[PDB]
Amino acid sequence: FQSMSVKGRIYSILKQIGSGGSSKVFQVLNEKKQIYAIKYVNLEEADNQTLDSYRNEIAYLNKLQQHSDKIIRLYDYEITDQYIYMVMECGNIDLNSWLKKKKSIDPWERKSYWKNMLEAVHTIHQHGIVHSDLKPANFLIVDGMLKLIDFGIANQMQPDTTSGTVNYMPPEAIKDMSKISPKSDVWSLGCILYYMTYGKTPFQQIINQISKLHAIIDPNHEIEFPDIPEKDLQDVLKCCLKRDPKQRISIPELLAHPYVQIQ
């Protein structure tokens, strides 16, 4: 029912898609009645560290545009001491919501989504970012292609309604409680691909968390990998989910793997 001004241009709000604190995301239309998203952050209560965090993202989000189209596009922004408005691409649905809704995944679409994920994470790695907390919520399906989103410092973004959070955590990040590396995202991505392969994360079955945390770090807990028709798929998952990050496969390695390279 409402509207907003970013850098002179007027946008009419269709619906609130999601929110965190003090952030909200809207699906909007521009003067040409074209579909975009606008992220709104209320700064009225933000401390220095947090201000800096939102500045860093906008900056990286700007820089990364040029180097890959598998990062959500930012078109324009207004930023004051009171508020941020960022005009952005609007996808169809996030990967997490989508995975929960899905009967099953077509091997072609899985492989294709895998390529997009690799490219995105490979990209942030080349620019010195190591996410360390990747999850399905960090990907947006836009025109059949996944793009990285919500990849910044403190990003508790969740869909809204009109009425796992640890299954992806890499082992080295647990033990560490100087020891988080690019390899940690490989774990997390592997967990997502495992999900897309077996309909479940490697420890979705363990519902107590002390017990689940234990299982992730424990090498005498053999993870299961039932045989499937795609042997390459099977080897990628096996290499992604090696607990010793040093023996875990790298992103540049994964991009040379037959699973992604051979038709």
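So that the term is clear: the rigid core is the largest set of C-alpha atoms that superpose within 1.5 Å between two forms. Numbers follow the displayed sequence, beginning with 1.
- Between stretches 234 to 242 and 28 to 36, the one whose Cα atoms sit farther from the displayed model in 8 other deposited structures of this protein on average is 28 to 36 (core-aligned, root mean square).
- After superposition on the rigid core, the larger root-mean-square Cα deviation in 8 other deposited structures of this protein belongs to 143 to 151, not to the other of 143 to 151 and 84 to 92.
- Judged by the one-third criterion across other entries of this protein, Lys115, modelled here, is also modelled in every one of those that cover both its neighbours.
- Of the other compared PDB entries of this protein that include residues on both sides, all give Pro171 atoms, none of them, and so not a third, leaving it without.
- Per the record, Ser163 and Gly164 are separated by a gap of 4 to 9 residues from the deposited sequence that were not modelled.
- Going from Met177 to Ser178, you skip over 10 or more residues of the deposited sequence that the entry leaves unmodelled.
- Looking at 40 to 48 and 228 to 236 together, the entry lists the larger mean B-factor for 228 to 236, computed on C-alpha atoms.
- Between 24 to 32 and 53 to 61, the higher mean Cα B-factor belongs to 53 to 61.
- Sorting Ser181, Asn96, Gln158, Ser112 by the CA temperature factor given in the entry leaves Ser181 at the top.
- Ranking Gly91, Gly190, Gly144, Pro136 by the C-alpha B-factor listed in the PDB entry places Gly144 at the top.
- Ranked by C-alpha B-factor against the other modelled residues of its chain, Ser104 falls in the highest third.
- Split the chain's modelled residues into thirds by C-alpha temperature factor. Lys212 is in the lowest one.
- Per-chain ranking of the deposited C-alpha B factor places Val130 in the highest third.
- For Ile153, the recorded CA temperature factor ranks within the highest third of the chain's modelled residues.
- Ranked by Cα temperature factor within the chain, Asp185 sits in the lowest third according to the deposited record.
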